[PDB]
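Visitor: Next comes the structure file protein-v8.cif, holding mmCIF, C-alpha atoms.
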```cif
data_data
loop_
_atom_site.label_atom_id
_atom_site.label_comp_id
_atom_site.auth_asym_id
_atom_site.auth_seq_id
_atom_site.Cartn_x
_atom_site.Cartn_y
_atom_site.Cartn_z
CA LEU A 1 92.85 -127.12 -50.78
CA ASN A 2 91.42 -123.64 -51.27
CA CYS A 3 88.39 -122.58 -53.32
CA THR A 4 87.47 -119.95 -55.88
CA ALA A 5 87.42 -116.25 -55.07
CA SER A 6 83.68 -116.29 -55.80
CA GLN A 7 83.44 -118.84 -52.96
CA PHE A 8 84.02 -116.84 -49.79
CA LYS A 9 86.28 -118.98 -47.62
CA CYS A 10 84.65 -118.83 -44.20
CA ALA A 11 86.90 -118.18 -41.22
CA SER A 12 85.74 -121.53 -39.84
CA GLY A 13 86.89 -123.18 -43.06
CA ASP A 14 84.07 -125.72 -42.87
CA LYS A 15 82.09 -124.47 -45.88
CA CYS A 16 83.31 -122.30 -48.75
CA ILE A 17 80.07 -120.46 -49.42
CA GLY A 18 79.82 -118.03 -52.32
CA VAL A 19 80.44 -114.32 -51.83
CA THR A 20 76.86 -113.75 -53.02
CA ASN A 21 75.90 -115.25 -49.66
CA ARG A 22 78.62 -113.24 -47.89
CA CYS A 23 76.79 -110.63 -45.80
CA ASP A 24 73.45 -111.70 -47.29
CA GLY A 25 71.52 -111.68 -44.01
CA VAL A 26 71.75 -115.49 -43.84
CA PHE A 27 74.21 -117.44 -41.67
CA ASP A 28 75.31 -119.68 -44.53
CA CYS A 29 78.40 -121.16 -42.85
CA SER A 30 79.60 -121.62 -39.29
CA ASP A 31 80.54 -118.65 -37.08
CA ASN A 32 78.49 -116.38 -39.40
CA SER A 33 81.75 -115.12 -40.90
CA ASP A 34 79.80 -114.26 -44.04
CA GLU A 35 77.48 -112.02 -42.01
CA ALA A 36 79.96 -111.02 -39.29
CA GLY A 37 81.53 -108.41 -41.55
CA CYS A 38 78.33 -106.59 -42.48
CA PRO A 39 79.06 -102.83 -42.65
CA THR A 40 75.46 -101.73 -42.16
CA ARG A 41 76.59 -98.77 -39.99
CA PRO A 42 73.17 -97.18 -39.33
CA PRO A 43 74.14 -94.70 -36.59
CA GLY A 44 70.55 -93.50 -36.57
CA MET A 45 71.03 -92.53 -40.22
CA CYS A 46 70.22 -94.71 -43.20
CA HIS A 47 72.92 -96.14 -45.44
CA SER A 48 74.31 -94.04 -48.28
CA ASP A 49 72.40 -95.97 -50.95
CA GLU A 50 69.12 -95.76 -49.02
CA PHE A 51 67.38 -92.40 -48.80
CA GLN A 52 66.30 -91.49 -45.28
CA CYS A 53 62.78 -90.07 -45.14
CA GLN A 54 62.40 -86.71 -43.43
CA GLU A 55 59.36 -87.31 -41.24
CA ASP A 56 60.12 -90.79 -39.90
CA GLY A 57 63.62 -91.70 -41.09
CA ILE A 58 62.48 -95.02 -42.59
CA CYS A 59 65.08 -96.07 -45.15
CA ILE A 60 64.04 -96.29 -48.80
CA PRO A 61 66.15 -96.77 -51.92
CA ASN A 62 67.46 -93.45 -53.21
CA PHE A 63 65.81 -94.15 -56.56
CA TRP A 64 62.46 -93.76 -54.79
CA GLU A 65 63.39 -90.14 -54.04
CA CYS A 66 61.62 -87.75 -56.43
CA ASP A 67 60.34 -90.78 -58.36
CA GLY A 68 56.85 -89.36 -58.89
CA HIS A 69 55.39 -91.56 -56.16
CA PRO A 70 54.90 -90.56 -52.50
CA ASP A 71 56.87 -93.45 -51.01
CA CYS A 72 57.48 -91.43 -47.84
CA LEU A 73 54.86 -90.98 -45.14
CA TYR A 74 54.42 -87.34 -46.20
CA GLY A 75 56.05 -87.68 -49.61
CA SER A 76 59.33 -86.19 -48.42
CA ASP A 77 60.95 -88.46 -50.99
CA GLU A 78 59.06 -86.31 -53.50
CA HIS A 79 60.04 -83.17 -51.60
CA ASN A 80 59.16 -79.83 -53.17
CA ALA A 81 62.81 -78.77 -52.95
CA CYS A 82 63.67 -81.56 -55.40
CA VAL A 83 61.80 -80.15 -58.42
CA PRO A 84 62.82 -83.24 -60.43
CA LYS A 85 62.54 -83.16 -64.21
CA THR A 86 61.23 -86.76 -64.30
CA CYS A 87 60.62 -86.94 -68.03
CA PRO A 88 57.95 -89.61 -68.72
CA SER A 89 59.56 -90.23 -72.12
#
```
Show me, as structure tokens, the structure contained in the file I just sent.
Guide:
Amino acid sequence: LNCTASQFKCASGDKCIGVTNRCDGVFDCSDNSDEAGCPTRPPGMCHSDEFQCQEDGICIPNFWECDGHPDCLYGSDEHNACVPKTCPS
């Protein structure tokens, strides 16, 4: 018998782990079918959701960009070109 859609049916079929553990960085079931299809695709550039810092390229969440805090090595996340409004209220 099958399992719920929330339970990712592993290609092995041994364990029907949840989709929350599908591509979660953890080999939950056999053959790593949960993590086999991980579309990280970092071709030297960070993922779309993660801002790539200018000086070093270290990936940070895009929310950290122009967040009022120099998360970057040189604060390129708070780059002068941004001029964010960043209303405290």
Visitor: Mind running stretch 8-55 of chain A against stretch 79-86 of chain A at 12 Å and telling me each contacting residue's nearest atom pair with the distance in Å (one decimal), counting all atoms listed in the file, chain and number ascending, as CSV?
Guide:
```
residue,atom,partner,partner_atom,distance
A:53,CA,A:79,CA,9.8
A:54,CA,A:79,CA,9.2
A:55,CA,A:79,CA,11.2
```
Visitor: Using all atoms listed in the file, determine which residues lie at most 9 Å from residue A:4, disregarding the query and same-chain residues fewer than 3 positions distant; provide the list as a list in words.
Guide: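 Contacts, with the query itself left out: residues 7, 8, 9, 16 and 18 of chain A.
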Visitor: Give me the box for stretch 58-69 of chain A as lines of an AutoDock Vina configuration file, namely the centre and edge lengths in Å to one decimal of a box along x, y and z that holds every listed atom plus 8 Å on each side.
Guide:
```
center_x = 61.4
center_y = -92.3
center_z = -50.7
size_x = 28.1
size_y = 25.0
size_z = 32.3
```
Visitor: With all atoms listed in the file as the counted atoms, please give the residues lying no more than 12 Å from residue A:52, apart from itself and same-chain residues fewer than 2 positions off, as number ranges by chain.
Guide: A: 42, 44-50, 54-65, 71-73, 75-77
Visitor: Residue A:25: which residues within 10 Å, counting all atoms listed in the file, same-chain residues fewer than 4 positions away excluded, as a ChimeraX atom specification?
Guide: /A:21,32,34-36,38
Visitor: Pick out the closest residue to residue A:22 from this set: A:88, A:37, A:70, A:43. Count all atoms listed in the file.
Guide: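 Checking each candidate against residue A:22, we get A:37 as the closest.
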Visitor: For a test of reading the model, state the distance in Å between atom CA of residue A:12 and atom CA of residue A:29, rounded to one decimal.
Guide: 7.9 Å
Visitor: State, in Å with one decimal place, the distance from atom CA of residue A:87 to atom CA of residue A:74.
Guide: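 Going from atom CA of residue A:87 over to atom CA of residue A:74 covers 22.7 Å.
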Visitor: To one decimal in Å, tell me the separation between atom CA of residue A:10 and atom CA of residue A:23.
Guide: 11.5 Å
Visitor: If you count only C-alpha atoms, which residues fall within 12 Å of residue A:14, apart from same-chain ones fewer than 6 positions away, as JSON, numbers by chain?
Guide: {"A": [1, 2, 3, 8, 28, 29, 30, 31, 32, 33]}
Visitor: Using C-alpha atoms, can you write the selected residues to a file as a short mmCIF file (atom, residue, chain, number, x, y, z; two decimals), in the frame of the given file?
Guide:
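Generated file (again.cif):
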```cif
data_model
loop_
_atom_site.label_atom_id
_atom_site.label_comp_id
_atom_site.auth_asym_id
_atom_site.auth_seq_id
_atom_site.Cartn_x
_atom_site.Cartn_y
_atom_site.Cartn_z
CA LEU A 1 92.85 -127.12 -50.78
CA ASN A 2 91.42 -123.64 -51.27
CA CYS A 3 88.39 -122.58 -53.32
CA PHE A 8 84.02 -116.84 -49.79
CA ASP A 28 75.31 -119.68 -44.53
CA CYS A 29 78.40 -121.16 -42.85
CA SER A 30 79.60 -121.62 -39.29
CA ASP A 31 80.54 -118.65 -37.08
CA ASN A 32 78.49 -116.38 -39.40
CA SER A 33 81.75 -115.12 -40.90
#
```
Visitor: Can you take chain A from the block and write C-alpha atoms as a PDB file, in the first residue's frame?
Guide:
```pdb
ATOM      1  CA  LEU A   1       0.000   0.000   0.000  1.00  0.00           C
ATOM      2  CA  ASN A   2       1.024   3.594  -0.664  1.00  0.00           C
ATOM      3  CA  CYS A   3       1.341   6.465   1.816  1.00  0.00           C
ATOM      4  CA  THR A   4       0.274  10.083   2.118  1.00  0.00           C
ATOM      5  CA  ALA A   5       1.553  12.790  -0.203  1.00  0.00           C
ATOM      6  CA  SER A   6       3.157  14.436   2.833  1.00  0.00           C
ATOM      7  CA  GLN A   7       5.130  11.191   3.205  1.00  0.00           C
ATOM      8  CA  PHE A   8       7.632  11.229   0.352  1.00  0.00           C
ATOM      9  CA  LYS A   9       7.683   7.697  -1.029  1.00  0.00           C
ATOM     10  CA  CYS A  10      11.379   6.917  -1.371  1.00  0.00           C
ATOM     11  CA  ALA A  11      12.536   5.321  -4.618  1.00  0.00           C
ATOM     12  CA  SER A  12      13.768   2.396  -2.529  1.00  0.00           C
ATOM     13  CA  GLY A  13      10.261   2.031  -1.106  1.00  0.00           C
ATOM     14  CA  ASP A  14      11.647   0.886   2.247  1.00  0.00           C
ATOM     15  CA  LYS A  15      10.628   3.953   4.269  1.00  0.00           C
ATOM     16  CA  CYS A  16       7.985   6.547   3.415  1.00  0.00           C
ATOM     17  CA  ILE A  17       9.656   9.539   5.032  1.00  0.00           C
ATOM     18  CA  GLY A  18       7.895  12.891   5.109  1.00  0.00           C
ATOM     19  CA  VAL A  19       8.524  15.504   2.430  1.00  0.00           C
ATOM     20  CA  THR A  20       9.770  17.794   5.206  1.00  0.00           C
ATOM     21  CA  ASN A  21      12.762  15.446   5.306  1.00  0.00           C
ATOM     22  CA  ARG A  22      12.893  15.333   1.495  1.00  0.00           C
ATOM     23  CA  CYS A  23      16.056  17.221   0.513  1.00  0.00           C
ATOM     24  CA  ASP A  24      16.648  18.216   4.143  1.00  0.00           C
ATOM     25  CA  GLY A  25      20.388  17.500   4.146  1.00  0.00           C
ATOM     26  CA  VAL A  26      19.770  14.209   5.983  1.00  0.00           C
ATOM     27  CA  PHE A  27      19.726  10.761   4.355  1.00  0.00           C
ATOM     28  CA  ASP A  28      16.451   9.779   5.990  1.00  0.00           C
ATOM     29  CA  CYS A  29      15.733   6.700   3.855  1.00  0.00           C
ATOM     30  CA  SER A  30      17.779   4.320   1.738  1.00  0.00           C
ATOM     31  CA  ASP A  31      19.468   5.447  -1.505  1.00  0.00           C
ATOM     32  CA  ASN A  32      19.199   9.075  -0.281  1.00  0.00           C
ATOM     33  CA  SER A  33      16.304   9.576  -2.697  1.00  0.00           C
ATOM     34  CA  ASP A  34      15.097  12.375  -0.428  1.00  0.00           C
ATOM     35  CA  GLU A  35      18.430  14.167  -0.832  1.00  0.00           C
ATOM     36  CA  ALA A  36      19.301  12.897  -4.325  1.00  0.00           C
ATOM     37  CA  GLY A  37      17.008  15.460  -5.931  1.00  0.00           C
ATOM     38  CA  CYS A  38      18.444  18.524  -4.209  1.00  0.00           C
ATOM     39  CA  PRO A  39      18.494  21.427  -6.722  1.00  0.00           C
ATOM     40  CA  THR A  40      21.172  23.429  -4.929  1.00  0.00           C
ATOM     41  CA  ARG A  41      22.712  24.499  -8.276  1.00  0.00           C
ATOM     42  CA  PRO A  42      25.502  26.764  -6.948  1.00  0.00           C
ATOM     43  CA  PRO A  43      27.515  27.250 -10.157  1.00  0.00           C
ATOM     44  CA  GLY A  44      29.829  29.531  -8.226  1.00  0.00           C
ATOM     45  CA  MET A  45      26.807  31.751  -7.564  1.00  0.00           C
ATOM     46  CA  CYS A  46      24.559  31.560  -4.526  1.00  0.00           C
ATOM     47  CA  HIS A  47      20.967  30.384  -4.757  1.00  0.00           C
ATOM     48  CA  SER A  48      18.242  32.847  -5.707  1.00  0.00           C
ATOM     49  CA  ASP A  49      16.926  33.124  -2.150  1.00  0.00           C
ATOM     50  CA  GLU A  50      20.412  33.650  -0.700  1.00  0.00           C
ATOM     51  CA  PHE A  51      22.152  36.952  -1.367  1.00  0.00           C
ATOM     52  CA  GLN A  52      25.732  36.552  -2.572  1.00  0.00           C
ATOM     53  CA  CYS A  53      28.132  38.936  -0.859  1.00  0.00           C
ATOM     54  CA  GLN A  54      30.259  41.094  -3.141  1.00  0.00           C
ATOM     55  CA  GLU A  55      33.687  40.747  -1.534  1.00  0.00           C
ATOM     56  CA  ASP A  56      33.736  37.019  -0.750  1.00  0.00           C
ATOM     57  CA  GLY A  57      30.594  35.520  -2.279  1.00  0.00           C
ATOM     58  CA  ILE A  58      29.523  33.866   0.983  1.00  0.00           C
ATOM     59  CA  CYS A  59      25.804  33.172   0.758  1.00  0.00           C
ATOM     60  CA  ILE A  60      23.476  34.972   3.170  1.00  0.00           C
ATOM     61  CA  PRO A  61      19.684  35.176   3.216  1.00  0.00           C
ATOM     62  CA  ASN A  62      18.436  37.984   1.006  1.00  0.00           C
ATOM     63  CA  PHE A  63      16.628  39.482   4.001  1.00  0.00           C
ATOM     64  CA  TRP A  64      20.059  40.256   5.459  1.00  0.00           C
ATOM     65  CA  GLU A  65      20.703  42.561   2.495  1.00  0.00           C
ATOM     66  CA  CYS A  66      20.227  46.216   3.476  1.00  0.00           C
ATOM     67  CA  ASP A  67      18.952  45.038   6.869  1.00  0.00           C
ATOM     68  CA  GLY A  68      20.810  47.705   8.846  1.00  0.00           C
ATOM     69  CA  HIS A  69      23.477  45.234   9.954  1.00  0.00           C
ATOM     70  CA  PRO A  70      26.826  44.630   8.216  1.00  0.00           C
ATOM     71  CA  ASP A  71      26.381  40.893   7.739  1.00  0.00           C
ATOM     72  CA  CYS A  72      28.875  40.934   4.859  1.00  0.00           C
ATOM     73  CA  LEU A  73      32.624  41.085   5.368  1.00  0.00           C
ATOM     74  CA  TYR A  74      32.636  44.698   4.143  1.00  0.00           C
ATOM     75  CA  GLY A  75      28.921  45.317   4.596  1.00  0.00           C
ATOM     76  CA  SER A  76      28.189  44.823   0.906  1.00  0.00           C
ATOM     77  CA  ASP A  77      24.821  43.488   2.053  1.00  0.00           C
ATOM     78  CA  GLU A  78      24.291  47.046   3.308  1.00  0.00           C
ATOM     79  CA  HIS A  79      25.734  48.438   0.086  1.00  0.00           C
ATOM     80  CA  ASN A  80      25.555  52.191  -0.445  1.00  0.00           C
ATOM     81  CA  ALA A  81      23.760  51.634  -3.752  1.00  0.00           C
ATOM     82  CA  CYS A  82      20.854  50.102  -1.820  1.00  0.00           C
ATOM     83  CA  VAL A  83      19.780  53.267   0.034  1.00  0.00           C
ATOM     84  CA  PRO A  84      17.085  51.234   1.839  1.00  0.00           C
ATOM     85  CA  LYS A  85      14.267  53.053   3.586  1.00  0.00           C
ATOM     86  CA  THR A  86      14.369  50.617   6.541  1.00  0.00           C
ATOM     87  CA  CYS A  87      11.738  52.323   8.654  1.00  0.00           C
ATOM     88  CA  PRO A  88      12.317  51.409  12.330  1.00  0.00           C
ATOM     89  CA  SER A  89       8.577  51.794  12.942  1.00  0.00           C
TER      90      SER A  89
END
```
